[PDB]
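Following: one structure in structure tokens, then a few remarks.
Heavy-atom basis, side chains included; hydrogens, waters and symmetry copies ignored. Residue numbers run from 1 in the order of the sequence given. In each ligand, atom 1 is the first atom listed, and ligand 1 is the first ligand listed.
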Amino acid sequence: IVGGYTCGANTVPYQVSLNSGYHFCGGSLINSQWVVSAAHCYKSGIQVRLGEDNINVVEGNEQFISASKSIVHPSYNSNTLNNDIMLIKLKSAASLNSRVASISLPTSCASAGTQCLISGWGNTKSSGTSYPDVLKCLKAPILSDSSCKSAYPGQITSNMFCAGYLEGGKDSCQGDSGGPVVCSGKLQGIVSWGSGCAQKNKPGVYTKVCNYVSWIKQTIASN
Ligand SMILES: NC(=[NH2+])c1ccc2nc(C(=O)c3nc4ccc(C(N)=[NH2+])cc4[nH]3)[nH]c2c1
Ligand SMILES: [Ca+2]
Ligand SMILES: [Mg+2]
Ligand SMILES: [Zn+2]
Ligand SMILES: [Zn+2]
Ligand SMILES: [Zn+2]
């Protein structure tokens, strides 16, 4: 997250860190046994770490659970990143408490202008590399589809939306991938892609979760 602030320990209790020996992507807890992340974050051997703040220090509120199965969207396209969403089932159910909570799926899609909260342990420099150990947050509005499409001509589909600032400065970035974009208490997006991080007129692009709710509900009920 570039141009954001330290969230505060466990103030984003549905945020998850996907670990394969190190943190490589974020995700969101949607119920005690399931996590939603981005399909471009797919790996074999994922351990889900819940209740995290500093990912390099065990502070006492974490739950480390291995994944039993991963399901990448049937129509995920790795070249265009269309349908960039994946579901991960936990081997054991997580214990929900104040520090570990699930986030709600949307009943409808959010409007341009709506303010959202984006979080993650991804890079914090636009021109440089600095990976934080504690969770970073960023409040950003959903942009209009026309500014999103003018920034990325022929690359935005109906399953994506842009959020951020065209002036540059604040954006999600590599490492934040798969993490949550929560607006009005619902999970509306998944950190997916962008052009570099925080560059002017190159806002972040997110998976539009409201288009996948029936696929999510049907898939977790049958697995
Ligand atoms: N398992 C891997 N090897 C892997 C995992 C995640 C990755 N992510 C990128 C990436 O290249 C990438 N993820 C981004 C997310 C947001 C923005 C943004 N500017 N909003 C830019 C991004 N670039 N490469 C990745 C490689
Ligand atoms: Ca920790
Ligand atoms: Mg994240
Ligand atoms: Zn990369
Ligand atoms: Zn990138
Ligand atoms: Zn990524």
(request) Examine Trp193 together with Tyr152 and report whether their ring centres are nearer than 6.0 Å. (result) yes
(request) Consider ligand 1: state whether an atom of it lies below 4.0 angstrom from any non-hydrogen atom of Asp176. (result) no
(message) Taking 4.0 angstrom as the limit and counting only heavy atoms of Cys197, give me the atoms of ligand 1 inside it, by number and element.
(response) 19 (N)
(request) Could you grab the distance from atom OG of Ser37 to atom CG of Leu29, nearest 0.5 Å is fine? (result) 12.0 Å
(message) Yes or no: does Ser177 have any heavy atom under 4.0 Å from an atom of ligand 1?
(response) yes
(request) Check all N, O or S atoms of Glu52 and name the one closest to the Ca ion (ligand 2). (result) OE1
(message) At less than 3.0 Å, would any N/O/S atom of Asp53, backbone or side chain, sit next to the Ca ion (ligand 2)?
(response) no
(message) When you measure from the Ca ion (ligand 2) to the N, O or S atoms of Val57, does any of those distances fall below 3.0 Å?
(response) yes
(request) Output yes if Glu62 passes the N/O/S-under-3.0 Å test against the Ca ion (ligand 2); output no otherwise. (result) yes
(message) Can you pull out every disulfide bond (SG atoms under 2.5 Å apart) where at least one residue sits in residues 40-108? Sequence neighbours excluded, please.
(response) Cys25-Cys41
(request) Measure from atom 9 (C) of ligand 1 to every heavy atom in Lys202, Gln199, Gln174 and give the option owning the shortest one. (result) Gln174
(message) Restricting to N/O/S atoms, is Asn61 within less than 3.0 Å of the Ca ion (ligand 2) or not?
(response) no
(request) Report the member of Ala140, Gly196, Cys25 with the shortest heavy-atom distance to atom 19 (N) of ligand 1. (result) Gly196
(request) Give a yes/no verdict on whether any heavy atom in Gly122 is under 4.0 Å from an atom of ligand 1. (result) no
(message) If hydrophobic residues (ILVMFWY) are linked whenever their side-chain heavy atoms come closer than 4.5 Å, directly or via other members, who joins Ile142 in its cluster?
(response) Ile1, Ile118, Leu138, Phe161, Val181, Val191, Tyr206
(message) Among all protein heavy atoms in this structure, tell me which lies nearest to atom 18 (C) of ligand 1, with the distance rounded to 0.1 Å.
(response) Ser172 O, 3.3 Å
(request) With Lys136 as the cation and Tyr5 as the aromatic partner, state whether NZ or CZ is under 6.0 Å from the six-membered ring centre and within 45° of the axis. (result) no
(request) Verify the distance criterion only: is there a donor paired with an acceptor across the side chains of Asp53 and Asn10 at less than 3.5 Å? (result) no
(request) Give the numbers and elements of all ligand 1 atoms closer than 4.0 Å to a heavy atom of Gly204. (result) 20 (N)
(request) Quick one: pull up CD1 in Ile88 and OG in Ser68 and give me the separation to the nearest 0.5 Å. (result) 10.0 Å
(request) Could you tell me whether the side chain of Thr219 and the main chain of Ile216 form a donor-acceptor pair under 3.5 Å? (result) no
